[PDB]
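Everything below concerns the one structure shown next.
Note that each Cβ is placed from the backbone with ideal geometry, even for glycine, and that neighbours are counted across all protein chains shown. Laboratory data are not the source of any read-out in this text; all were calculated from the coordinates shown.
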Amino acid sequence: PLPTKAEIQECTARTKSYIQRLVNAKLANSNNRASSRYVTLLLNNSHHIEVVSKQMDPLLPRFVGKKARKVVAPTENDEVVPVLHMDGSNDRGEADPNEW
Amino acid sequence: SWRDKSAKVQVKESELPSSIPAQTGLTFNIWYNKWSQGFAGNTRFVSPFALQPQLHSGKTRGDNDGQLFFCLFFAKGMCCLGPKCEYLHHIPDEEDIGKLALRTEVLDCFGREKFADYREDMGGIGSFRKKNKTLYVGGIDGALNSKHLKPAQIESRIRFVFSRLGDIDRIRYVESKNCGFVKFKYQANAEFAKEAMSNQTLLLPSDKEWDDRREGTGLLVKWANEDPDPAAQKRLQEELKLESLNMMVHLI
Amino acid sequence: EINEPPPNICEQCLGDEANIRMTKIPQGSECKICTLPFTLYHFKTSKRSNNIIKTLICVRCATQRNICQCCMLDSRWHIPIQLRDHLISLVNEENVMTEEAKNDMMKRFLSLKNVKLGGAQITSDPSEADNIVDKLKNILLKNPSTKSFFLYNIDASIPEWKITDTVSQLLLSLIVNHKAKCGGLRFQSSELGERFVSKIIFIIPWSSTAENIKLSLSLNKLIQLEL
Amino acid sequence: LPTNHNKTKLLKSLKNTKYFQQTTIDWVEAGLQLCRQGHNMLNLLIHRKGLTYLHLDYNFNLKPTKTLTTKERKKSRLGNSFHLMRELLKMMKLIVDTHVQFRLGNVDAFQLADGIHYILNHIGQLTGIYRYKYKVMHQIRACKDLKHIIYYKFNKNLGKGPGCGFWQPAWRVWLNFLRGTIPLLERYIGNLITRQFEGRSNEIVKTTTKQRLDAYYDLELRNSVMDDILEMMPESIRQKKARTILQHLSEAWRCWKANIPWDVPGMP
RNA sequence: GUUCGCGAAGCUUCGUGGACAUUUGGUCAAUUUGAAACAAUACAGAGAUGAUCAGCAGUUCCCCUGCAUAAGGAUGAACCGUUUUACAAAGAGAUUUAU
RNA sequence: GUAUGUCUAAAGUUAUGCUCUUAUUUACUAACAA
Ligand SMILES: O=P(O)(O)O[C@H]1[C@H](OP(=O)(O)O)[C@@H](OP(=O)(O)O)[C@H](OP(=O)(O)O)[C@@H](OP(=O)(O)O)[C@H]1OP(=O)(O)O
Ligand SMILES: [K+]
Ligand SMILES: [K+]
Ligand SMILES: [Mg+2]
Ligand SMILES: [Mg+2]
Ligand SMILES: [Zn+2]
Ligand SMILES: [Zn+2]
Ligand SMILES: [Zn+2]
């Protein structure tokens, strides 16, 4: 079945929301205050708490952490996946290498 | 007692030293506060001040508050805020160690965060990953301006110095390595001493090199790797087991 | 990235208030383990408590060790991570370590992996934790006024603090060498010494099968002296 | 046409925070304080970079202290951001200094006016702004034009000489130049200090340009060819066996270039 | 402390009930031991190849300068070292063992 | 002569057919002289 229009609306809604958020994040991240104008509570147990973002001096670096680290990625291919081809060529498969 | 009296000033900010050490190089570097265009010769020197604890220790703003951290500059014996200081001014004890025992896992008694690893020297503030209580005490040769003392004399003087600042688990001087290993009752205490006698003098008024104390290079109080000696290793293991029994019974 | 994981802070640490107000600086420090930016959270435990508590490590690191992000202690038992790994190693097994790679690049890499470390696999699932606990439980079941003494027969394992505290209970200075065991004790006054002696592994002369003991002392002493 | 949505100004934004306060300060005080501030900033930046051997003079005229080792020299070639910043401060330092002089009892107000005018009409000649950002020649040229215009409306019956003030239109020019550049310097110096703090991005990837077009082309080509041959080749041969292939290709290319037919016997 | 109500002395003064106002900042703490970088002295002094030269690339868990997706750092640097198995099938000869 | 690249810059981590003697070539190198 070619996908349902209603379900396409779902997917679009989800992914569109996601990408808009991502782009917002990217934008408010960057130092160019110019691109700030194209930007489209918690509990840590049964125990309860209020999260806040303290506004910091607009001289000091916004994100003190980030420093362009080189980082090697671990693959995390914990689940194994096959590579699975179905053939068995003997006559043409052995006569060819002499040519190839 | 310390609690009987208010803490005296170590030294007034007039008497305090400036942040322009020694001109080690040709020009000063503003953003680093170090020197530059030349690193000819060693940087380190001997502390002008020392924690004379009974003459200094006392009440603070902190002793009113319940500030859980001790004054680095008290340990160094140079705090310019005496009773007006937020950080405390006295030798750490079971009561205060006990008081801050939650937080002190992650950070020092000087309220500064420990790190993953020891600084290659074992020189800076300890790692969180170890709960070390044992200070290596190098540079005794330098700390006494090349005074040919007896090993007994050395170890005794060392004892006199570090026993004053914290309860001792053990001390042992090593003639063959010209150094100390000064295990302490508590990690807080260890931290405190490690700053309190960093860059200090082992010399005394009775010694003849008393006015040359400044001119040498101070005590190199660093942290100690555990001994290869299996004589103490076994003991350590036993201690660990004992501790484990405590906590494990405490879980239920 | 998005603030997907929440902060992993324990109770004791955080303090007994129904509502604290903490702040989050995102991308707010490199952690204390893996040198890697993360959302730094911090708060005064009370309003008027001077000590802020800042979240030292990153959330991934926390999860990995299965610990608090402020205490560096296991979120279940509130104990040092190394210690808990030792405990786990002891019961149910022989070997459970949580090796942090002390090389700045590799640590980052390790942190990135979504894989629990030795002890963390036990303490994550509460059932397994409980099991471990129960197994652990199962496993369980003449005064010349000298002011200056020379104490001998000192257990190698005993510390000076234990000694001095004991003395205080029986009531100053003290010198001990665990090599020799020539416990060169000295009192702040002679009257105090008198008081002590009158109040009396406590073998105690007053210099200024005991035979074999003396021999053992002897050899040990000699060895110490050679050192 | 000015875009309207961005109605959060810089000063307004700053006002919103706690870390700024406001005061009524004399304009000369503001100037002098800003020279001091600017000087501290630039020195901090330079020292941070490590190159303490570049001594800033208080007149914002940068020069090296020692003879520079080649490495050191390379390090110290500060870019068109820092130098441009310096030049703007130099400009400012001049006029503020003139005001100070005026107000410090040295020079008469007419003398001040002339001084300011001189500065504006000779920004080129007083601060190598053009060096770093050459489009400032337009501004300089404009100022020159103004001077030419002004003087010859200022010296109709009056003879020749230096004593004309009237610094308005030139001043306007310089203001508009600053308006133009404020964005540019926010970007430039932004990136600069970011580099000082955060390392430079390690996802460098270079674009094609006229200079590296050919190399890129050829690498793309050999990648394509290699791919095709692997697709063709039924044994699933190793990369080392692709080396033979691509090397073969290279030779073929050369042969074509020569006009010698490339007829290797053993191929398929 | 202001003020609005009350009481006790002389519109003035002492005591009383209100209203107003009611949580700053810290990721930090003052020099060695929690991190710069060159610098100096010494030593060599630069890719092809015989020799002399322009380079542009590429890989890199190397970066620096640069506003940079220009460009330049010696063609920025390092890459040149090490190197055994999806190990087979067939024949011949020699040795042993068994039937 | 350089880029560039190494080097140094001080404090002690607790374990029991040949040898010979010479003279000559050629090559390379040489901020050494001509
Ligand atoms: O035309 P420019 O190259 O910009 O030079 C002008 C010009 O001098 P020249 O005619 O010699 O080039 C002016 O001279 P006049 O045309 O007005 O005679 C003179 O103006 P004053 O006569 O008013 O002095 C002015 O000099 P100043 O800057 O002192 O006003 C001077 O500019 P430069 O001195 O920068 O060359
Ligand atoms: K290049
Ligand atoms: K290259
Ligand atoms: Mg070049
Ligand atoms: Mg070249
Ligand atoms: Zn203090
Ligand atoms: Zn916690
Ligand atoms: Zn981490």
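Evaluate segment D:43-57: report whether one residue or more is in contact with a helix residue (DSSP H, G or I) (Cβ under 8 Å, 6 or more places away or on another chain) and farther than 18 Å from residue B:36 by Cα.
no
So which residues in segment A:46-88 are under 25 Å from the mean Cα position of the chain (by Cα) and of a type in the set (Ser, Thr, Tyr), if there are any at all?
A:53, A:75
Under the condition of being closer than 19 Å to residue A:99 by Cα and of a type outside the set (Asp, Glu), which residue from segment D:252-267 is surrounded by the most Cβ atoms within 10 Å (Cβ to Cβ)? Full working, then the answer.
Here is the first cut: in segment D:252-267, the residues closer than 19 Å to residue A:99 by Cα are D:262-267.
Now drop any that are not of a type outside the set (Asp, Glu), which leaves D:262, D:264-267.
Details: D:262: 14, D:264: 9, D:265: 4, D:266: 4, D:267: 10.
If we take residues in segment D:252-267 being closer than 19 Å to residue A:99 by Cα and of a type outside the set (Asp, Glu), then D:262 is surrounded by the most Cβ atoms within 10 Å (Cβ to Cβ).
Where the second residue is surrounded by fewer than 17 Cβ atoms within 10 Å (Cβ to Cβ) and the first is within 26 Å of residue C:102 (Cα to Cα) and lies in segment B:93-119, which pairs have Cβ atoms under 6 Å and are six or more apart or on separate chains?
Note: pairs meeting the criteria are B:107/B:113; B:117/C:102.
How about segment B:23-55: which of its residues are part of a loop (DSSP other than H, G, I, E, B), of a type in the set (A, V, I, L, M) and either farther than 28 Å from residue D:52 by Cα or within 9 Å of RNA strand E (Cβ to nearest atom) (or both)?
Within segment B:23-55, the first condition is being part of a loop (DSSP other than H, G, I, E, B), and the residues that meet it are B:23-26, B:29-34, B:37-52.
Now narrow it down to the ones that are of a type in the set (A, V, I, L, M): B:26, B:30, B:40, B:46, B:50-51.
Correct list: B:26, B:40, B:46, B:50, B:51.
Inspect segment D:69-81 for any residue being assigned to a loop (DSSP other than H, G, I, E, B), within 14 Å of another protein chain (Cβ to nearest Cβ) and surrounded by fewer than 19 Cβ atoms within 10 Å (Cβ to Cβ) and give the result as yes or no.
Initially, segment D:69-81 is screened for residues assigned to a loop (DSSP other than H, G, I, E, B), giving D:69, D:77-81.
Filter again for within 14 Å of another protein chain (Cβ to nearest Cβ), leaving D:69, D:81.
Right, trim to surrounded by fewer than 19 Cβ atoms within 10 Å (Cβ to Cβ) and you get D:69.
Yes.
Got a number for residues in segment C:76-116 being in a loop (DSSP other than H, G, I, E, B) and either under 19 Å from residue C:13 (Cα atoms) or within 14 Å of chain A (Cβ to nearest Cβ) (or both)?
Let us first name the residues in segment C:76-116 that are in a loop (DSSP other than H, G, I, E, B), namely C:76-79, C:91-103, C:113-116.
Applying the additional criterion that residues be either under 19 Å from residue C:13 (Cα atoms) or within 14 Å of chain A (Cβ to nearest Cβ) (or both) yields C:76-79, C:101, C:103, C:113-116.
Residues meeting the conditions: 10.
Over 22 Å from the mean Cα position of the chain (by Cα) and either under 24 Å from residue C:7 (Cβ atoms) or more than 16 Å from ligand 8 (Cβ to nearest atom) (or both) - does that describe any residue in segment C:68-91?
Of the residues in segment C:68-91, the ones over 22 Å from the mean Cα position of the chain (by Cα) are none.
Checking segment C:68-91: not a single residue is over 22 Å from the mean Cα position of the chain (by Cα) and either under 24 Å from residue C:7 (Cβ atoms) or more than 16 Å from ligand 8 (Cβ to nearest atom) (or both).
Scan segment C:26-40 residue by residue and report those that are of a type in the set (D, E, K, R) and either within 16 Å of RNA strand F (Cβ to nearest atom) or under 16 Å from residue A:71 (Cβ atoms) (or both).
Filtering segment C:26-40 for residues of a type in the set (D, E, K, R) gives C:30, C:32.
Matches in segment C:26-40: C:30 only.
Of these, B:71, B:80, B:85, which one is touching an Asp or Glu at 6+ places or on another chain (Cβ under 6 Å) and over 30 Å from residue C:99 (Cβ atoms)?
Working: B:71 fails: touching an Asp or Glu at 6+ places or on another chain (Cβ under 6 Å); B:85 fails: touching an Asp or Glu at 6+ places or on another chain (Cβ under 6 Å).
That would be B:80, the only listed residue that is touching an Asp or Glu at 6+ places or on another chain (Cβ under 6 Å) and over 30 Å from residue C:99 (Cβ atoms).
For the list (1) in a helix (DSSP H, G or I); (2) crowded, with 16+ Cβ neighbours inside 10 Å, I need the number of the one condition that residue D:60 fails.
All conditions pass for residue D:60, except number (1).
Looking only at segment C:11-34, filter to residues that are assigned to a loop (DSSP other than H, G, I, E, B) and surrounded by fewer than 20 Cβ atoms within 10 Å (Cβ to Cβ); which one of those is nearest to ligand 7 (Cβ to nearest atom)?
Step one: of segment C:11-34, the residues assigned to a loop (DSSP other than H, G, I, E, B) are C:15-19, C:31-34.
In the following step, the residues that additionally are surrounded by fewer than 20 Cβ atoms within 10 Å (Cβ to Cβ) were identified as C:15-19.
Values: C:15: 10, C:16: 13, C:17: 14, C:18: 18, C:19: 17 Å.
So, considering only residues that are assigned to a loop (DSSP other than H, G, I, E, B) and surrounded by fewer than 20 Cβ atoms within 10 Å (Cβ to Cβ), the one nearest to ligand 7 (Cβ to nearest atom) is C:15.
When you scan segment D:9-21, do you find a residue that is more than 13 Å from chain A (Cβ to nearest Cβ) and either among the charged types (D, E, K, R) or touching a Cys at 6+ places or on another chain (Cβ under 6 Å) (or both), even just one? Before you say what the answer is, go through the steps one by one.
Here is the first cut: in segment D:9-21, the ones more than 13 Å from chain A (Cβ to nearest Cβ) are none.
No, segment D:9-21 contains no residue that is more than 13 Å from chain A (Cβ to nearest Cβ) and either among the charged types (D, E, K, R) or touching a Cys at 6+ places or on another chain (Cβ under 6 Å) (or both).
How many residues, within segment C:15-33, are away from ligand 8 (no atom under 16 Å from the Cβ), hydrophobic (A, V, I, L, M, F, W, C) and more than 7 Å from every other protein chain (Cβ to nearest Cβ)?
Residues in segment C:15-33 being away from ligand 8 (no atom under 16 Å from the Cβ), hydrophobic (A, V, I, L, M, F, W, C) and more than 7 Å from every other protein chain (Cβ to nearest Cβ): 0 in total.
Regarding residue B:149, is this residue of a type outside the set (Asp, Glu), in contact with a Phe, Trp or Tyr (Cβ under 8 Å, 6 or more places away or on another chain), farther than 21 Å from residue C:163 by Cα and assigned to a loop (DSSP other than H, G, I, E, B)? Can you show your working first?
Values: of a type outside the set (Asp, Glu): yes; in contact with a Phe, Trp or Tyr (Cβ under 8 Å, 6 or more places away or on another chain): no; farther than 21 Å from residue C:163 by Cα: yes; assigned to a loop (DSSP other than H, G, I, E, B): yes.
For residue B:149, the condition - of a type outside the set (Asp, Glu), in contact with a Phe, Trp or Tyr (Cβ under 8 Å, 6 or more places away or on another chain), farther than 21 Å from residue C:163 by Cα and assigned to a loop (DSSP other than H, G, I, E, B) - is not met.
Restricting the search to segment C:40-75, which residues are within 10 Å of RNA strand E (Cβ to nearest atom), surrounded by 20 or more Cβ atoms within 10 Å (Cβ to Cβ) and in a strand (DSSP E or B)?
Answer for segment C:40-75, where residues must be within 10 Å of RNA strand E (Cβ to nearest atom), surrounded by 20 or more Cβ atoms within 10 Å (Cβ to Cβ) and in a strand (DSSP E or B): C:40, C:41, C:43, C:53.
Please work out which one of (1) within 14 Å of another protein chain (Cβ to nearest Cβ); (2) in a loop (DSSP other than H, G, I, E, B); (3) crowded, with 20+ Cβ neighbours inside 10 Å is the condition residue B:104 fails and give its number.
(2)
Identify the single condition in (1) within 16 Å of ligand 6 (Cβ to nearest atom); (2) more than 13 Å from chain C (Cβ to nearest Cβ); (3) in contact with a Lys or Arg (Cβ under 6 Å, 6 or more places away or on another chain) that residue B:50 does not satisfy, given that it satisfies every other one.
(3)
Kindly check whether there is at least one residue in segment B:110-121 that is within 14 Å of another protein chain (Cβ to nearest Cβ), more than 16 Å from RNA strand F (Cβ to nearest atom), more than 23 Å from residue C:34 (Cα to Cα) and surrounded by 19 or more Cβ atoms within 10 Å (Cβ to Cβ).
yes
Among the residues of segment D:219-238, is any surrounded by 10 or more Cβ atoms within 10 Å (Cβ to Cβ), part of a helix (DSSP H, G or I), among the basic types (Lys, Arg) and over 46 Å from the mean Cα position of the chain (by Cα)?
For segment D:219-238, residues surrounded by 10 or more Cβ atoms within 10 Å (Cβ to Cβ), part of a helix (DSSP H, G or I), among the basic types (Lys, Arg) and over 46 Å from the mean Cα position of the chain (by Cα): absent.
If you take the residues of segment B:11-34 that are away from RNA strand F (no atom under 16 Å from the Cβ) and β-branched (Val, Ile, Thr), which of them is farthest from residue B:53 (Cα to Cα)? Break it down into steps so the answer makes sense when it comes.
Going residue by residue through segment B:11-34, those that are away from RNA strand F (no atom under 16 Å from the Cβ) are B:11-20, B:27-33.
Filter once more, so that each one left must be β-branched (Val, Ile, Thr): B:11, B:20, B:27, B:30.
Working: B:11: 14, B:20: 28, B:27: 38, B:30: 35 Å.
Restricting to residues being away from RNA strand F (no atom under 16 Å from the Cβ) and β-branched (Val, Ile, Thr), the top hit is B:27.
Which one of the conditions (1) part of a loop (DSSP other than H, G, I, E, B); (2) within 14 Å of chain C (Cβ to nearest Cβ); (3) closer than 30 Å to residue D:187 by Cβ does residue A:73 fail to meet, given that it meets all the rest?
The number of the failed condition is (3).
Inspect segment A:45-60 for any residue being of a type in the set (S, T, N, Q) and farther than 30 Å from residue C:116 by Cβ and give the result as yes or no. Show your work before the answer.
To start, the set of residues in segment A:45-60 that are of a type in the set (S, T, N, Q) comprises A:45-46, A:53, A:55.
From the residues that got through so far, the ones that are farther than 30 Å from residue C:116 by Cβ too are A:53, A:55.
Checked against the condition, which is being of a type in the set (S, T, N, Q) and farther than 30 Å from residue C:116 by Cβ, segment A:45-60 yields at least one hit.
Confirm whether residue B:27 is surrounded by fewer than 17 Cβ atoms within 10 Å (Cβ to Cβ), away from ligand 8 (no atom under 16 Å from the Cβ) and among the β-branched types (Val, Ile, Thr). Write out each step before concluding.
Values: surrounded by fewer than 17 Cβ atoms within 10 Å (Cβ to Cβ): yes; away from ligand 8 (no atom under 16 Å from the Cβ): yes; among the β-branched types (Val, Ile, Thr): yes.
So residue B:27 passes the test.
Looking at segment B:67-89 only, could you name the residues that are in contact with a helix residue (DSSP H, G or I) (Cβ under 8 Å, 6 or more places away or on another chain) and more than 6 Å from RNA strand E (Cβ to nearest atom)?
If the condition is that a residue be in contact with a helix residue (DSSP H, G or I) (Cβ under 8 Å, 6 or more places away or on another chain) and more than 6 Å from RNA strand E (Cβ to nearest atom), then B:68, B:69, B:70, B:74, B:75, B:76, B:77, B:86, B:88, B:89 are the ones that fit.
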